[PDB]
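A.B. asks: Quick one: the structure is below, and I'll ask about it shortly.
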Amino acid sequence: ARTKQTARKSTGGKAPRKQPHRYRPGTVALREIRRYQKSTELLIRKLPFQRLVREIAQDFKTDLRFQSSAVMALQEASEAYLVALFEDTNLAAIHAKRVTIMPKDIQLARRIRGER
Amino acid sequence: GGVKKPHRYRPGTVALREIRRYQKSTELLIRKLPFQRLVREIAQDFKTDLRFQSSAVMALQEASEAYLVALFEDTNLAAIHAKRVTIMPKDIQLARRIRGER
Amino acid sequence: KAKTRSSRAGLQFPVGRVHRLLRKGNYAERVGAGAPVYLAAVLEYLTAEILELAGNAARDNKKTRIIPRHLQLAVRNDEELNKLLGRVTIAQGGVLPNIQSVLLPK
Amino acid sequence: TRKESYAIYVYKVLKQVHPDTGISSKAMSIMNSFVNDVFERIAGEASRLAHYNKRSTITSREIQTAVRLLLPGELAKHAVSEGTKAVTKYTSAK
Amino acid sequence: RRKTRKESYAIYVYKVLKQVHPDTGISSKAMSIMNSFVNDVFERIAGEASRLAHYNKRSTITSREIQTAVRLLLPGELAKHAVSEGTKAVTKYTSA
Amino acid sequence: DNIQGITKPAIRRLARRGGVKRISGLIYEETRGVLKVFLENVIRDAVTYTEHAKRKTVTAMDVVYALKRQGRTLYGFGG
Amino acid sequence: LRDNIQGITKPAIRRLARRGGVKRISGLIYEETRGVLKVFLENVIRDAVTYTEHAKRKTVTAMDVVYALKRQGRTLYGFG
Amino acid sequence: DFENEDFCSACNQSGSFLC
Ligand SMILES: [Zn+2]
């Protein structure tokens, strides 16, 4: 008889203890294709991005301060890398008679790009 | 009554057989003299009477077959991408539309 | 009696040569004594891992010598040497034998 | 007329590894061009590093920051380790 | 302790921006883009010149070997529309 | 988890700038891993460069310097 | 000479693609490929006649070819 | 094989289960 424990608590009562107009799907999407293509501002909210860099650089060297311009350089570079990769993916999709990027479409692009 | 029928490997068996044959060969494929000439007319356009060594040609080939077998390879992955075993001119094109030569 | 710098460093690649080259290469104005020693040390290593892997490849094909082909196997089989020698096209290498799963018969 | 190349040196290190195995001449040239190319990449990166840090000399340090910036992944660690023990034996033997 | 001199071609990029679009200015960001541009393309063309020289077992960057590399890098029309201006400029220099 | 900070709508915004009209749902979490491994390449080299200057802080100059090594130059931040 | 691109025969373009692991080569590929061979061989050979002239040599050397391939990124080992 | 659930099928609450 297989058994498993899920309460994960040796005792109960742990708390009591001492310790309308609507557009068709895609029209708004193309409108803000135009919006984010005519625009130049930076699309990954900064703070969250900076943090991504702190928790990931931590591995290579502790106590590594980053000049502000640097995390802005990492953002720009990351958004440029991903917009280039996403142009390629859309192509890797429009190739297969489709209009929806899918994970496979990007595991391939990166193989032809040779980034893998 | 019983009429003969020649032994013909089904479409694809001869294919994969020569695939295993050719992926063990290192020998160049495009023939030398035909290739050599490919250049003398691809160079005459850049400089006249440019002689060529019998090693520049061999190099400019090894480098070509190598470039082409790479592109075909990404062409195939691109052909499998649309769930098809036939490669198409678009594939050589998607591939090259992603290496950034196009 | 003059000894060589390689036997001082315990190496087979030439440390002397890799100094001249470093100097005439004008990689930088001044080159120190230990820089060619370290470079010869790294070059022999990379020349060794690649030669070992080539030796593992050859015996397999039961060939005494090491033909250029083996050098491709060694490089493409390994996932490190392949990032290094990754935009490099060796002479007479062929390609790593590989066919896709969808191309196999059912 | 004299052509400088790493023929006998790579042959030696080959016997050090395998003292029973031959080598092809074309394959040799593969080895010679390969060690020349990786030498160029490690030395160039080093030159750069230096020129960025406003230094002027290629210390064994640069070649390292370099080997660890070019050689990928593990190939590096084992390169460093061997380069550090090599320069350690160079300074020990003076 | 006045800050040391930072090299930049900014002052220059402007003269040229005035010799093309007179009543147009540039933003700091775009200027710095242009400085990174000229430093990058100069490093590219100067590195090529270097090898060209080394390959030919000679040791001197001259005008020939740079007309050659700018050609080998700058692509297409850009190249021709450069080499011509470059030879003019060299002859006008040597003129006096 | 700081990785989950790269939010969906943000990946959607990157796709929109990239001209994608319908994003699969499984893309969002693929784009994180790809993002991470890439940043994890630049920032690695960014720091090798950093610990070569014996600097403990990293600079944007070192960042564009690591990009130059990788291959993808970045204009607008120095150098 | 002229139009020797046809020398890279279909039997061969295939053998290369066969080498590359493809099983069904659609027609309309044999023409596309030869075009790709003639943009590659162009650039390389161009960057080789430029190297050739710089050295004021006439004989396009294999040495130049290798240096040319490097510029474009496709380095070749086996010649120098 | 299939993994059971983390909740009781009778009372829809967590705890030690017989699978
Ligand atoms: Zn219950």
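FYI, nothing fancy with the structure tokens labels: chains A, B, ... in order, residues from 1 per chain, ligands from 1 as they appear.
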Residues of chain G in helix (DSSP H, G or I) according to DSSP, as number ranges by chain?
C.D. replies: G: 5-7, 10-19, 30-54, 62-72
A.B. asks: Taking only C-alpha atoms and all ligand atoms into account, which residues have an atom no farther than 10 Å from ligand 1? I'd like them as a list in words.
C.D. replies: residues 7, 8, 9, 10, 11, 12, 13, 14, 15, 16, 17 and 18 of chain H
A.B. asks: Neighbouring residues of residue 55 (chain G) were defined as those with any atom within 12 Å, considering only C-alpha atoms; residues of the same chain fewer than 3 positions away were excluded. Please report them as a CSV table (one decimal) with N, CA and C atoms, in the first residue's frame.
C.D. replies:
```csv
chain,number,residue,atom,x,y,z
E,52,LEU,N,47.2,43.2,-43.7
E,52,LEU,CA,47.5,43.3,-45.1
E,52,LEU,C,49.0,43.4,-45.1
E,53,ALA,N,49.5,44.3,-44.2
E,53,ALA,CA,50.9,44.5,-44.2
E,53,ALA,C,51.7,43.3,-43.8
E,54,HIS,N,51.3,42.7,-42.7
E,54,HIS,CA,52.0,41.6,-42.2
E,54,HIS,C,52.0,40.5,-43.1
E,55,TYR,N,50.9,40.2,-43.8
E,55,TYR,CA,50.8,39.1,-44.7
E,55,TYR,C,51.9,39.3,-45.8
E,56,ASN,N,52.0,40.5,-46.3
E,56,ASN,CA,52.9,40.7,-47.4
E,56,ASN,C,54.3,40.8,-46.8
E,57,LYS,N,54.5,40.3,-45.6
E,57,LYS,CA,55.9,40.4,-45.0
E,57,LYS,C,56.5,41.7,-45.2
E,58,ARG,N,55.7,42.8,-45.0
E,58,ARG,CA,56.3,44.1,-45.1
E,58,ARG,C,55.9,44.8,-43.8
E,64,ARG,N,48.5,52.7,-50.0
E,64,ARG,CA,48.1,51.7,-50.9
E,64,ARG,C,47.3,50.6,-50.2
E,65,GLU,N,47.9,50.1,-49.1
E,65,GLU,CA,47.4,49.1,-48.3
E,65,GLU,C,46.2,49.4,-47.5
E,68,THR,N,43.3,49.4,-50.1
E,68,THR,CA,43.0,48.0,-50.3
E,68,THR,C,42.0,47.5,-49.2
G,48,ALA,N,39.9,37.8,-52.8
G,48,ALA,CA,41.2,37.2,-53.1
G,48,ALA,C,41.9,37.9,-54.2
G,49,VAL,N,41.1,38.5,-55.2
G,49,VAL,CA,41.8,39.2,-56.2
G,49,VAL,C,42.3,40.5,-55.6
G,50,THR,N,41.6,41.1,-54.6
G,50,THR,CA,42.1,42.3,-54.0
G,50,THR,C,43.4,42.0,-53.2
G,51,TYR,N,43.4,40.9,-52.4
G,51,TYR,CA,44.6,40.5,-51.8
G,51,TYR,C,45.7,40.2,-52.9
G,52,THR,N,45.3,39.6,-54.0
G,52,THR,CA,46.3,39.3,-55.1
G,52,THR,C,46.9,40.6,-55.6
G,58,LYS,N,50.3,38.1,-59.5
G,58,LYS,CA,49.3,37.9,-60.5
G,58,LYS,C,48.7,36.6,-60.2
G,59,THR,N,49.5,35.6,-59.8
G,59,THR,CA,49.0,34.3,-59.5
G,59,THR,C,48.1,34.2,-58.3
G,60,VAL,N,46.8,34.2,-58.5
G,60,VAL,CA,46.0,34.1,-57.3
G,60,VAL,C,46.6,32.9,-56.5
G,61,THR,N,47.0,33.2,-55.3
G,61,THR,CA,47.6,32.2,-54.4
G,61,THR,C,46.5,31.5,-53.5
G,63,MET,N,47.2,30.9,-50.6
G,63,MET,CA,47.4,31.7,-49.3
G,63,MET,C,46.4,32.8,-49.3
G,64,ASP,N,46.2,33.5,-50.3
G,64,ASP,CA,45.2,34.6,-50.3
G,64,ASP,C,43.8,34.0,-50.1
```
A.B. asks: Could you please tell me, as a PyMOL selection string, which residues of chain G have an atom within 7 Å of chain B when using only C-alpha atoms?
C.D. replies: chain G and resi 1-2+4-5+7-8+12+15-26+28-29+32+42+45-46+49+58-62+65+76
A.B. asks: Selected residues, N, CA and C atoms, written as a short mmCIF file (atom, residue, chain, number, x, y, z; two decimals), in the first residue's frame, please.
C.D. replies:
```cif
data_model
loop_
_atom_site.label_atom_id
_atom_site.label_comp_id
_atom_site.auth_asym_id
_atom_site.auth_seq_id
_atom_site.Cartn_x
_atom_site.Cartn_y
_atom_site.Cartn_z
N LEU G 1 35.88 31.12 -68.54
CA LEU G 1 35.16 31.23 -69.80
C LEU G 1 33.77 31.81 -69.60
N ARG G 2 32.73 31.03 -69.92
CA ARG G 2 31.37 31.52 -69.78
C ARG G 2 30.36 30.46 -69.34
N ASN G 4 29.92 28.44 -66.83
CA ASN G 4 30.44 27.14 -66.45
C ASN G 4 29.81 26.76 -65.13
N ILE G 5 28.86 27.55 -64.66
CA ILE G 5 28.19 27.23 -63.42
C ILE G 5 27.47 25.92 -63.60
N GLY G 7 28.60 23.46 -64.66
CA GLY G 7 29.53 22.39 -64.38
C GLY G 7 29.27 21.76 -63.04
N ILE G 8 28.73 22.53 -62.11
CA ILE G 8 28.37 21.97 -60.85
C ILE G 8 27.11 21.25 -61.20
N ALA G 12 25.83 16.39 -58.93
CA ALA G 12 26.71 16.79 -57.85
C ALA G 12 25.99 17.65 -56.83
N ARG G 15 24.77 15.29 -54.67
CA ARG G 15 25.74 14.59 -53.84
C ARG G 15 26.13 15.45 -52.66
N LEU G 16 26.24 16.75 -52.85
CA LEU G 16 26.51 17.64 -51.72
C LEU G 16 25.34 17.66 -50.76
N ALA G 17 24.15 17.89 -51.28
CA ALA G 17 22.97 17.90 -50.44
C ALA G 17 22.81 16.54 -49.81
N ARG G 18 23.09 15.49 -50.56
CA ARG G 18 23.04 14.17 -49.98
C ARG G 18 24.03 14.22 -48.90
N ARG G 19 25.24 14.71 -49.18
CA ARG G 19 26.13 14.78 -48.04
C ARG G 19 25.47 15.50 -46.87
N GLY G 20 24.73 16.55 -47.11
CA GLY G 20 24.18 17.32 -46.01
C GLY G 20 23.05 16.67 -45.28
N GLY G 21 22.70 15.47 -45.69
CA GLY G 21 21.62 14.76 -45.04
C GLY G 21 20.21 15.02 -45.51
N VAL G 22 20.02 15.38 -46.77
CA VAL G 22 18.68 15.57 -47.29
C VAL G 22 18.31 14.34 -48.09
N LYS G 23 17.03 14.04 -48.20
CA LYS G 23 16.62 12.84 -48.90
C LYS G 23 15.83 13.16 -50.14
N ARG G 24 15.06 14.23 -50.12
CA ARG G 24 14.34 14.61 -51.31
C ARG G 24 14.64 16.02 -51.77
N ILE G 25 15.42 16.14 -52.84
CA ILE G 25 15.76 17.43 -53.36
C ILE G 25 14.75 17.83 -54.37
N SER G 26 13.94 18.80 -54.06
CA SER G 26 13.02 19.30 -55.05
C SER G 26 13.78 19.92 -56.15
N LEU G 28 14.18 22.98 -58.74
CA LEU G 28 14.05 24.36 -58.32
C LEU G 28 14.94 24.57 -57.12
N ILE G 29 15.86 23.64 -56.88
CA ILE G 29 16.81 23.79 -55.80
C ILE G 29 18.13 23.81 -56.49
N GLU G 32 18.73 27.25 -57.45
CA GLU G 32 18.93 28.13 -56.32
C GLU G 32 20.31 27.93 -55.78
N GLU G 42 31.88 34.29 -55.21
CA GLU G 42 32.15 35.62 -55.65
C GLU G 42 32.92 36.30 -54.57
N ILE G 45 36.42 34.97 -53.87
CA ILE G 45 37.35 35.23 -54.95
C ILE G 45 37.61 36.72 -55.10
N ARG G 46 36.61 37.55 -54.88
CA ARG G 46 36.86 38.99 -54.93
C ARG G 46 37.85 39.41 -53.87
N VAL G 49 41.11 38.45 -55.15
CA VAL G 49 41.83 39.19 -56.19
C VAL G 49 42.29 40.53 -55.64
N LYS G 58 50.30 38.14 -59.51
CA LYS G 58 49.31 37.89 -60.51
C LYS G 58 48.67 36.57 -60.19
N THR G 59 49.49 35.59 -59.82
CA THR G 59 48.99 34.26 -59.53
C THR G 59 48.13 34.25 -58.32
N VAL G 60 46.82 34.23 -58.49
CA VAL G 60 46.02 34.10 -57.27
C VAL G 60 46.57 32.92 -56.48
N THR G 61 46.99 33.18 -55.25
CA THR G 61 47.58 32.16 -54.41
C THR G 61 46.52 31.53 -53.51
N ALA G 62 46.72 30.25 -53.17
CA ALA G 62 45.90 29.60 -52.15
C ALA G 62 46.02 30.30 -50.81
N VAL G 65 43.50 32.85 -50.67
CA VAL G 65 42.16 32.33 -50.53
C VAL G 65 41.88 32.15 -49.08
N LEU G 76 39.62 28.31 -42.99
CA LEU G 76 39.88 26.99 -43.53
C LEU G 76 41.23 26.51 -43.11
#
```
A.B. asks: Env of residue 30 (chain C): 9 Å cut, atoms = only C-alpha atoms, seq-sep filter 4 positions within chain, self excluded. Answer as JSON, numbers by chain.
C.D. replies: {"C": [23, 26], "D": [56, 57, 58]}
A.B. asks: Hey, can you spit out that residue selection with N, CA and C atoms as a PDB file, in the first residue's frame?
C.D. replies:
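The resulting selection17.pdb:
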```
ATOM      1  N   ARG C  23      56.441  39.085 -30.025  1.00  0.00           N
ATOM      2  CA  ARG C  23      57.088  40.377 -30.172  1.00  0.00           C
ATOM      3  C   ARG C  23      56.841  40.956 -31.545  1.00  0.00           C
ATOM      4  N   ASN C  26      53.620  42.404 -32.583  1.00  0.00           N
ATOM      5  CA  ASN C  26      53.270  43.736 -32.139  1.00  0.00           C
ATOM      6  C   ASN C  26      51.906  43.691 -31.499  1.00  0.00           C
TER       7      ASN C  26
ATOM      8  N   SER D  56      50.625  48.244 -21.050  1.00  0.00           N
ATOM      9  CA  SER D  56      51.493  48.281 -22.204  1.00  0.00           C
ATOM     10  C   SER D  56      52.228  46.986 -22.381  1.00  0.00           C
ATOM     11  N   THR D  57      52.010  46.037 -21.485  1.00  0.00           N
ATOM     12  CA  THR D  57      52.773  44.799 -21.560  1.00  0.00           C
ATOM     13  C   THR D  57      51.935  43.541 -21.453  1.00  0.00           C
ATOM     14  N   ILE D  58      52.337  42.489 -22.139  1.00  0.00           N
ATOM     15  CA  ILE D  58      51.494  41.309 -22.147  1.00  0.00           C
ATOM     16  C   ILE D  58      51.975  40.410 -21.053  1.00  0.00           C
TER      17      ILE D  58
END
```
A.B. asks: Can you tell me, as a list in words, what residues are no more than 12 Å from residue 71 (chain F) when counting only C-alpha atoms, ignoring any on the same chain fewer than 5 positions away?
C.D. replies: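 These residues fall inside the cut-off: residues 77, 81 and 115 of chain A; 41, 42, 64, 65 and 66 of chain F; 73 of chain G.
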A.B. asks: Just the residues within 7 Å of region 44-54 of chain D, please, counting only C-alpha atoms, with nothing from its chain fewer than 6 positions along; format it as a tab-separated table (two decimals) with C-alpha atoms, in the first residue's frame.
C.D. replies:
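Written out: around01.tsv:
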```tsv
chain	number	residue	atom	x	y	z
C	27	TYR	CA	50.36	42.54	-30.11
C	28	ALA	CA	51.68	45.02	-27.61
D	62	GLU	CA	46.49	38.83	-19.77
D	63	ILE	CA	47.02	35.56	-21.55
D	66	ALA	CA	42.19	35.86	-22.40
F	53	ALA	CA	40.99	45.71	-14.12
```
A.B. asks: Considering only C-alpha atoms, extract the chain D residues located within 6 Å of chain G and return them as a VMD selection string.
C.D. replies: chain D and resid 29 to 30 33
A.B. asks: Taking N, CA and C atoms for each residue, export the selection above as a PDB file, in the first residue's frame.
C.D. replies:
```
ATOM      1  N   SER D  29      49.451  19.927 -41.260  1.00  0.00           N
ATOM      2  CA  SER D  29      49.168  21.314 -41.605  1.00  0.00           C
ATOM      3  C   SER D  29      47.877  21.790 -40.955  1.00  0.00           C
ATOM      4  N   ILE D  30      46.892  20.894 -40.824  1.00  0.00           N
ATOM      5  CA  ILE D  30      45.700  21.189 -40.029  1.00  0.00           C
ATOM      6  C   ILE D  30      46.096  21.583 -38.612  1.00  0.00           C
ATOM      7  N   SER D  33      48.154  25.125 -38.707  1.00  0.00           N
ATOM      8  CA  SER D  33      47.246  26.249 -38.887  1.00  0.00           C
ATOM      9  C   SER D  33      46.318  26.418 -37.693  1.00  0.00           C
TER      10      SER D  33
END
```
